[PDB]
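Convention: sequence-line order gives letters A, B, ...; per-chain numbering from 1.
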Amino acid sequence: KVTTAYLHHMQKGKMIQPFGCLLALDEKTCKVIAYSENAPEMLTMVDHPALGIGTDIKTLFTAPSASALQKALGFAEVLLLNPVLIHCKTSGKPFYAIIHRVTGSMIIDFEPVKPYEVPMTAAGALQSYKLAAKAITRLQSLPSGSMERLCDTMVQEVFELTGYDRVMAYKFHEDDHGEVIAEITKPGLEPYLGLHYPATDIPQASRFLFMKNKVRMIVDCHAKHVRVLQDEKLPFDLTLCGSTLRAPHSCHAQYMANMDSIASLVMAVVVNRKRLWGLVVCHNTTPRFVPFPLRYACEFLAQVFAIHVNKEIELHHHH
Amino acid sequence: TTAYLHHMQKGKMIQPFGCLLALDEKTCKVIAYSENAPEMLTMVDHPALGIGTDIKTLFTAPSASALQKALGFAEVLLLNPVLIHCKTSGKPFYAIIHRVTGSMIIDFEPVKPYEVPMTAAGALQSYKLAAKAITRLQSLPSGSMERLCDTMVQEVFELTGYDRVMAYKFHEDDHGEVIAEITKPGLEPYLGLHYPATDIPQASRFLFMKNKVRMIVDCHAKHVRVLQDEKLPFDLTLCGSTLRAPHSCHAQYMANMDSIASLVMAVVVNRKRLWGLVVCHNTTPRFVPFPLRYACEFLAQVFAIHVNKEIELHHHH
Ligand SMILES: *[C@@H](C)[C@H]1/C(=C/c2[nH]c(/C=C3N=C(/C=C4\NC(=O)C(CC)=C4C)C(C)=C\3CCC(=O)O)c(CCC(=O)O)c2C)NC(=O)[C@@H]1C
Ligand SMILES: *[C@H](C)[C@H]1/C(=C/c2[nH]c(/C=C3N=C(/C=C4\NC(=O)C(CC)=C4C)C(C)=C\3CCC(=O)O)c(CCC(=O)O)c2C)NC(=O)[C@@H]1C
């Protein structure tokens, strides 16, 4: 009755963050069946309009960019290699396109790229993964035996990789209440280390979605949300909660503003079936954007952290 | 010794899969170019490309200013590769940058133009595969150099797609041994074969300490000459170039052994010495993009750390 009122509205994810724009394409036609209201301003310059229900993507993007998104329409979810660098046809404006699939639909998140970054996209993708891979080797070379030193290491490595003001390891107890068991902040900041938080601060609906979306980013909790519009011929709502752009629930948004955490990056810590052990939670006291390549690299660092956590659990229950 | 080093340094030949420019460390103008650079970068007064060419006339403006930026950064701060576009064609290359005394050296490796959208994605996937391989090396139980080496050649085989991958160990007398090997089915195994120290001379062994990954696309390809301004106050070395051509003796050696292509990773243990090489061979030509060779560099460093540990745990017990 509480899980199903939150879950219905998050799963539809009809409100996005304005740092990016969203398209949904029909797998058969390759045409637009849903768009964020900012997508026309972001992807075109202001018949048809340039961008609505039925728009062909050969009108929006340069020919190699349109052809790579058309080819993505033929791949299993698991075989998608993100992100795709696309260019808009008129402006030459660049974006990272992040693709995911929901049955016959292909959902694209567009995150702008500074045009001076275009030449360095492979270079910066490699550097982000290298730095994460080095963090992985420091986690592996720790002596076994201490959940505390493993979590301290992780928040130190994530703090240096992501540049956020605060990074904590947030553990879920048996009763679903949480505890901050590791923490590093910049010098001004109030410490949360060792505090315990009620289960209802993180409802089951968010818990469920972190099993599937392993990295969630909120750029600015005070940003004006943007509405996604869908094809009126669809007799159900599209599921958009897989979007990197999904807006926080208004209650979480206020919770963030309350706590002076304007921005956040959260990585799911899933142990082997599967359990959500906890979250790696990064906060910023001002707005913050990190590009897809670095959030991708963080996914893998978080999966390796999950493996080491689960081994420290097995070495608790032995000894 | 100094006869091999003169010819692999000063030789001035590159492999034709790419082209080379050297730019003066202050003017940022061309002081050396491979003879294929004009056709490959311009679609062949002044010509479009010679000694003195300004890079602003060869590449689009964002491409030229990403190179101008590298000109002001220490070798240690260089993030490779830069994606560049040629000015009229829009033809794209990976530009791999390294510094010598007077100069910035750029290796240009072609990118299929319809693959430009997938460059970041392909780079992340190459590193992710290598990162997964790293976690499989670390989760091995200690005690077995054989299991350590078998794993490495299996991970390198699945990452690079070559016909054959071997771990080649240097003995105390510098002769080599194939101690691990994975091939595609139907190939003769070279596992356990011992080869003389002269098959890999000191010269090559020295240079693998500095250049950790070396690719030869086709041992039969026609080498292309690098031309420099004869007034340049030093000789350009190409030892650091990804494009450097193999000595004609190695190229014959490869053809004899039915390895038309190779990819070799130095295994350096701690002072430092060259423990061995991870050697990939192919029966036909093979090109692998820079991101994948870069990710193999890190995988090979990590393998070297675990090799070194199995050595210390042998000395113990
Ligand atoms: C309002 C009705 C109730 C509520 C709702 C709510 N919470 C979330 C999600 C999250 N809540 C937290 C909580 C914390 N962040 C912290 O830093 C700390 C201190 C350590 C806590 C306790 C977190 C991390 C999340 C995940 C949010 C993310 O995506 O980064 C949601 C889901 C929001 C969404 O749309 O994702 C909701 C609806 N929270 C309350 O406190 C009220 C009781
Ligand atoms: C010619 C007069 C002599 C010679 C010279 C030579 N060898 C190399 C470099 C390499 N040689 C090997 C040898 C092997 N490759 C194999 O697959 C095997 C079987 C396991 C062996 C023993 C290798 C791996 C290299 C590295 C080549 C590379 O750079 O990828 C060189 C250097 C070539 C260059 O220009 O870099 C030279 C000059 N080889 C002979 O057999 C003659 C005695």
Side-chain angles (χ1 to χ4, degrees), chain A residues 4-46 48-61 65-66 68-70 72-73 77 80 82-84 86-91 93-112 205 209 212-213 216-253 289 292:
Chain A
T4 193
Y6 283 140
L7 198 45
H8 182 65
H9 272 119
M10 294 176 61
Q11 295 221 264
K12 297 344 155 128
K14 285 187 145 153
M15 304 301 297
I16 63 148
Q17 306 169 51
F19 76 90
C21 72
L22 179 141
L23 295 181
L25 307 184
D26 187 292
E27 165 180 77
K28 274 325 180 273
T29 68
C30 206
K31 314 287 194 155
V32 174
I33 66 169
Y35 64 100
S36 64
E37 285 199 301
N38 63 334
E41 162 270 313
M42 213 158 103
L43 295 184
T44 75
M45 268 160 311
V46 289
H48 228 304
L51 195 179
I53 303 304
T55 295
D56 184 332
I57 65 165
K58 306 236 271 290
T59 73
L60 298 188
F61 310 119
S65 282
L69 295 175
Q70 186 153 38
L73 287 180
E77 175 80 354
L80 289 168
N82 283 312
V84 182
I86 65 93
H87 290 265
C88 311
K89 219 194 201 329
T90 311
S91 55
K93 188 162 171 213
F95 292 78
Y96 278 145
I98 301 120
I99 309 178
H100 75 271
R101 274 203 159 275
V102 180
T103 59
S105 292
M106 191 169 71
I107 286 103
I108 318 158
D109 301 317
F110 296 91
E111 311 182 352
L209 269 156
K212 187 228 212 81
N213 310 353
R216 161 37 140 26
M217 177 167 71
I218 299 167
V219 175
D220 182 355
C221 68
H222 299 307
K224 282 223 310 285
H225 304 150
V226 179
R227 180 144 55 92
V228 168
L229 303 182
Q230 69 164 42
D231 190 339
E232 257 151 32
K233 298 180 261 358
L234 297 160
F236 52 89
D237 290 316
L238 297 167
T239 294
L240 300 185
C241 66
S243 172
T244 59
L245 303 175
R246 194 175 47 95
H249 189 284
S250 60
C251 177
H252 184 58
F289 174 78
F292 176 81

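- Side chains of A:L69 and A:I108 form a contact here, defined as non-hydrogen atoms less than 4.5 Å apart.
- Remark: A:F110 pairs with A:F61 by the ring pair (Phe, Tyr, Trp, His ring centres under 6.0 Å) rule, at least two apart or across chains.
- Every residue two or more places apart in sequence or in another chain was checked for a ring pair (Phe, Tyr, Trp, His ring centres under 6.0 Å) with A:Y96, and none qualifies.
- Enclosure of atom CD in A:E37 by more than 12 non-hydrogen atoms of other residues, nucleotides or ligands within 6.0 angstrom is indicated.
- Annotation: side chain of A:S105 is in contact with side chain of A:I33 (closest heavy-atom distance under 4.5 Å).
- Judged as a side-chain hydrogen bond (donor to acceptor under 3.5 Å, both in side chains), the pairs with a partner in residues 25-36 of chain A (not counting sequence neighbours) are, in order, A:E27-A:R101, A:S36-A:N38.
- When all heavy atoms of A:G13 and A:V228 are compared, the closest pair comes out as O-CG2, 4.5 Å.
- Remark: A:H249 pairs with A:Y6 by the ring pair (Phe, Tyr, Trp, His ring centres under 6.0 Å) rule, at least two apart or across chains.
- Sorted by first and then second residue, the side-chain hydrogen bond (donor to acceptor under 3.5 Å, both in side chains) pairs involving residues 234-245 of chain A (not counting sequence neighbours) are A:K14-A:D237, A:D109-A:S243, A:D109-A:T244, A:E111-A:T244.
- Scanning both residues, A:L23 and A:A39, for their nearest heavy atoms gives CD2-CB, 4.2 Å.
- Residue pairs that meet the side-chain hydrogen bond (donor to acceptor under 3.5 Å, both in side chains) test with at least one member in residues 219-230 of chain A, sequence neighbours left out, do not exist here.
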Item to check | Stepwise side chain to side chain contact (heavy atoms under 4.5 Å, CB included) test for A:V32 and A:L25 | outcome: CA-CA 5 Å; A:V32 174; A:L25 307 184; 3.7 Å; yes
